[PDB]
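Asker: Okay, here's the structure, questions in a sec.
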Amino acid sequence: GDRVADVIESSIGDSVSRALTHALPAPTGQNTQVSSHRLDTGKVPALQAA
Amino acid sequence: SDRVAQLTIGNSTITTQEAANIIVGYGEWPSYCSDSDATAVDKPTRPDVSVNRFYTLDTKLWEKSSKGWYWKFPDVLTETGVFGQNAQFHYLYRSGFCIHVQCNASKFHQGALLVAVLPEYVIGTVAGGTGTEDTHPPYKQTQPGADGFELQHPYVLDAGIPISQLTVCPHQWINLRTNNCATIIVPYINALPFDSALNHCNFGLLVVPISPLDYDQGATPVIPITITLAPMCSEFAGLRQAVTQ
C-alpha cells in the first residue's frame, strides 16, 4: 500500500514525452502581409539576444 | 519601455537602447493639406516611400573647444535622392520631418548638448563690429548645404537672441551619462499651405554644447555627432524643368 505522501505526489512512472512544440501544415510558403510605418518605443523586433 | 525605441519608415529602420521619449513639435503630427486650406488646382503627387525615409547627412566631431552648429531644413536634402530630384522639377513643396541625432560615449565621459528646432531662423551679421557698417550674410551661410555651418557667437545664436530661451522651442539634450540620442518630430510650419523648397528655408536645427566634453587620457578622443532625418507626408506641385537654384 502506497500510504506515504512522497510516493503519491511522485513523478516516477511517466511514459509521456512533454513536447513544447507541435507540428503544423505548410503546403506553401508564407503569404507576406501588408505593413506601414511605426514610430513607437518598447516595440523593437530588431534587437535580439543570440 | 521608454528607453528602447525603434523607428521604421520606408525601407529603412533605426534602433537605439539608451534613449528617451519622443517629442512632437508644437503638439501635433504632420498631415496632408486640406481641400479648404489649399488654393492650387493641380493634382499633387505623393510617392510615400521613395521620399519618406531616413537620410544621413554628415558626421561632425566634438572636441573640447567646440561652439555649435546649425543646419537649415529642407535645404539639406535638395541634392539627395528621389526627394531632391522631385524638388528641382516642381515648384511647390510641403512636408514634415522626423529628426534623430546620434552621439555615443562611455561611462567615463561627460557633456551635454541642446538639440533645438527654431522656425524662421534668420542669420544676422556683426555689422562690421563697430555697428555702423551695414552688411549681409552670404549665400553659403543661409543655405550652407548638408555639410552644415559652424557658429561664431553662440551665446546670441548669431541673431541677437539668447540661447538661454531656446528651450521654449522643441528641444532635447544629450547628457552622456543618461542618453545617447534625441528624436524630434515636426509638422509643416508656415503661413502658406505650399511653398518652395529652394528659396525658402522653414526652420533650422541647432546643436550647441553647454557643458563641455571632458575625459582622461587613454580614452577615445574622437566623439562624432551624426544627424539622421526623414521626410514625412511629402507633396509636390507645379511640374516643369529642373532648377538647381
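Simple scheme: letters A, B, ... for chains in C-alpha cells order, numbers from 1 for residues in each chain, numbers from 1 for ligands in the order shown.
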Would you pick out the contacts of residue 210 in chain B at 10 Å or less, using only C-alpha atoms, so that residues sharing its chain but fewer than 4 positions from it are not included, and give the list as an MDAnalysis selection string?

Answerer: chainID B and resid 66:68 111:114 163 173

Asker: Near chain B, meaning an atom within 10 Å, which residues of chain A appear when counting only C-alpha atoms? Write them as a PyMOL selection string.

Answerer: chain A and resi 36-47

Asker: Using Å and a single decimal, report how far CA of residue 71 in chain B sits from CA of residue 51 in chain B.

Answerer: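 Between CA of residue 51 in chain B and CA of residue 71 in chain B the gap is 19.4 Å.
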
Asker: Just the strand (DSSP E or B) stuff from range 20-126 of chain B, please, per backbone DSSP, written as a ChimeraX atom specification.

Answerer: /B:23-24,45,55-61,69-73,92-102,110-119

Asker: Using only C-alpha atoms, find each residue in range 54-127 of chain B having at least one atom no more than 10 Å away from range 233-245 of chain B; report its shortest atom-to-atom pair and that distance in Å (one decimal), rows by chain then rising number, as JSON lines.

Answerer:
```
{"residue": "B:78", "atom": "CA", "partner": "B:244", "partner_atom": "CA", "distance": 8.5}
{"residue": "B:79", "atom": "CA", "partner": "B:244", "partner_atom": "CA", "distance": 8.7}
{"residue": "B:83", "atom": "CA", "partner": "B:234", "partner_atom": "CA", "distance": 8.9}
{"residue": "B:84", "atom": "CA", "partner": "B:244", "partner_atom": "CA", "distance": 9.7}
{"residue": "B:85", "atom": "CA", "partner": "B:242", "partner_atom": "CA", "distance": 7.9}
{"residue": "B:86", "atom": "CA", "partner": "B:236", "partner_atom": "CA", "distance": 7.5}
{"residue": "B:87", "atom": "CA", "partner": "B:236", "partner_atom": "CA", "distance": 7.4}
{"residue": "B:88", "atom": "CA", "partner": "B:242", "partner_atom": "CA", "distance": 4.7}
{"residue": "B:89", "atom": "CA", "partner": "B:242", "partner_atom": "CA", "distance": 4.3}
{"residue": "B:90", "atom": "CA", "partner": "B:239", "partner_atom": "CA", "distance": 4.5}
{"residue": "B:91", "atom": "CA", "partner": "B:238", "partner_atom": "CA", "distance": 5.2}
{"residue": "B:92", "atom": "CA", "partner": "B:237", "partner_atom": "CA", "distance": 5.0}
{"residue": "B:93", "atom": "CA", "partner": "B:236", "partner_atom": "CA", "distance": 4.9}
{"residue": "B:94", "atom": "CA", "partner": "B:235", "partner_atom": "CA", "distance": 5.3}
{"residue": "B:95", "atom": "CA", "partner": "B:234", "partner_atom": "CA", "distance": 4.4}
{"residue": "B:96", "atom": "CA", "partner": "B:233", "partner_atom": "CA", "distance": 6.2}
{"residue": "B:97", "atom": "CA", "partner": "B:233", "partner_atom": "CA", "distance": 8.6}
```

Asker: Could you name the residues that touch residue 119 in chain B at 9 Å or less, counting only C-alpha atoms, but leaving out those on the same chain fewer than 5 positions away, as a list in words?

Answerer: residues 169, 189, 190, 201, 202, 203, 204 and 205 of chain B

Asker: Given the selection you just returned, output its residues as a file containing C-alpha atoms, formatted as a tab-separated table (two decimals), in the first residue's frame.

Answerer:
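Final file, out-v3.tsv:
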```tsv
chain	number	residue	atom	x	y	z
B	169	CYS	CA	11.10	75.63	-28.81
B	189	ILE	CA	5.30	75.21	-40.06
B	190	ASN	CA	4.39	78.04	-42.42
B	201	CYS	CA	14.04	77.52	-45.61
B	202	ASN	CA	11.40	76.84	-43.00
B	203	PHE	CA	13.46	76.06	-39.90
B	204	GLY	CA	16.92	75.39	-38.58
B	205	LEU	CA	18.29	72.65	-36.39
```
